[PDB]
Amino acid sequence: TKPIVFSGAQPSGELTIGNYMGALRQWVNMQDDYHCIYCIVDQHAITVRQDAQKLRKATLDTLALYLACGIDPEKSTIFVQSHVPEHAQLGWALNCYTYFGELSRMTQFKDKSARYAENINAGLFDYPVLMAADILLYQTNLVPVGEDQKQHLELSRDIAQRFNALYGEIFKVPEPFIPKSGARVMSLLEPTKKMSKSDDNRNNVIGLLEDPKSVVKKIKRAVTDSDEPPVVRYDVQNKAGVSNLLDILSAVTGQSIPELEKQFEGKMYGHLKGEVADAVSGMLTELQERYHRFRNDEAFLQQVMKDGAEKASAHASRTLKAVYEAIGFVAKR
């Protein structure tokens, strides 16, 4: 049997070119090489308060976007987290092998808490434990994520090792799969802050379903630097904006940073932004054309969710049975 890939994305906010280059691009590329399982994590999404109509619509938007990206339900398992009870069941059990201190020091908990001061809820605190359960249920070997989820992924490894040390080889210890390009795509007007799928300022983001014409204008207004003469060179510390533009271009076109720096010799930020805008506009035009074909086909989305939850349940029920046997529960008849 092939090694197992697992990853997820939240049906909340609006997925960006950051979410694509950090995660979804790798998801699509891994589908023949590994046994891939991809999840729409609606139980994680509600750690930030959602409107009920927007959450239901966003779950189906996210599913159609996975399909539009090239996630193939004949090759990959695609399912909605809340459809598989084992996630919450294993999440509770793993709370008992996770320390309070490990959770309080999490960067996501701190950042989301500062943003949503009026809804610092237990779900937002307990986020990493349910995420560990999501991964460990599927005997997962690789977890393709962006740089921002590295800390959560490291806790899931700590939990797996801690549980295995007491009970035996119940879980696989998962490894991160973080890409070389586009692991941390930055905000267009604040290039020291990562691109957010829920930014109050839309001018910071390249949304995967945004009007390409709107995206081209935002790229042209992306902040660069005061360098005289202007030079197209990758340097995060001194040239955050220009570096972010080169990272995006590299990720879309497949061209290396040395290749792009050579291409832009004797050229300035007009040429760079022109090439970023053209590459991104083309990618989003084609992606969006595939998206609407899937998104408006409710019979197809309904079948993908049904088949996916069925495949996921078979794997998850096997792992949870072993966890429950190990910790000493009377087995359900």
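C-alpha atoms forming the largest set that superposes within 1.5 Å between two forms make up the rigid core. Note that residue numbering follows the sequence shown and begins at 1.
Engineer: Taking C-alpha RMS after core alignment, which stretch differs more from the shown form in 8 other deposited structures of this protein: 212-220, or 137-145?
Structural biologist: Stretch with the higher C-alpha RMS distance in 8 other deposited structures of this protein: 212-220.
Engineer: Is the larger C-alpha RMS shift in 8 other deposited structures of this protein, relative to this form with the rigid core superposed, found in 244-252 or in 95-103?
Structural biologist: It is 244-252 that deviates more in 8 other deposited structures of this protein.
Engineer: State whether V173, though modelled here, is left unmodelled in a third or more of the other entries compared.
Structural biologist: No, modelled in all of them.
Engineer: Quick test of your reading: does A114 have no coordinates in a third or more of the other entries compared?
Structural biologist: Looking at the other entries that model residues on either side of it, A114 is missing from at least a third.
Engineer: Which wins on mean Cα temperature factor, 39-47 or 271-279?
Structural biologist: Averaging CA B-factors over each stretch, the winner is 271-279.
Engineer: State which stretch shows the higher mean Cα B factor in the entry: 143-151 or 97-105.
Structural biologist: Taking the mean C-alpha B-factor of 143-151 and of 97-105, the larger value falls to 97-105.
Engineer: If you compare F79, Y138, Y127, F177, which has the highest Cα B-factor in the entry?
Structural biologist: Among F79, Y138, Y127, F177, the highest C-alpha B-factor in the entry belongs to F177.
Engineer: In terms of the CA temperature factor given in the entry, to which third of its chain does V215 belong: lowest, middle or highest?
Structural biologist: For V215, the deposited C-alpha B-factor lands in the highest third.
Engineer: Grab the CA temperature factor for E298 from the record and place it in the lowest, middle or highest third of its chain.
Structural biologist: Middle third by C-alpha B-factor.
Engineer: What third of the chain, by the recorded C-alpha B-factor, contains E190?
Structural biologist: Top third by C-alpha B-factor.
Engineer: Among the modelled residues of this chain, does the Cα B factor of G207 put it in the lowest, middle or highest third?
Structural biologist: Within its chain, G207 is a middle-third residue by C-alpha B-factor, going by the deposited values.
Engineer: With respect to C-alpha B-factor, does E228 fall in the lowest, middle or highest third of the chain as deposited?
Structural biologist: Middle third - that is where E228 ends up once the chain's C-alpha B-factors are sorted.
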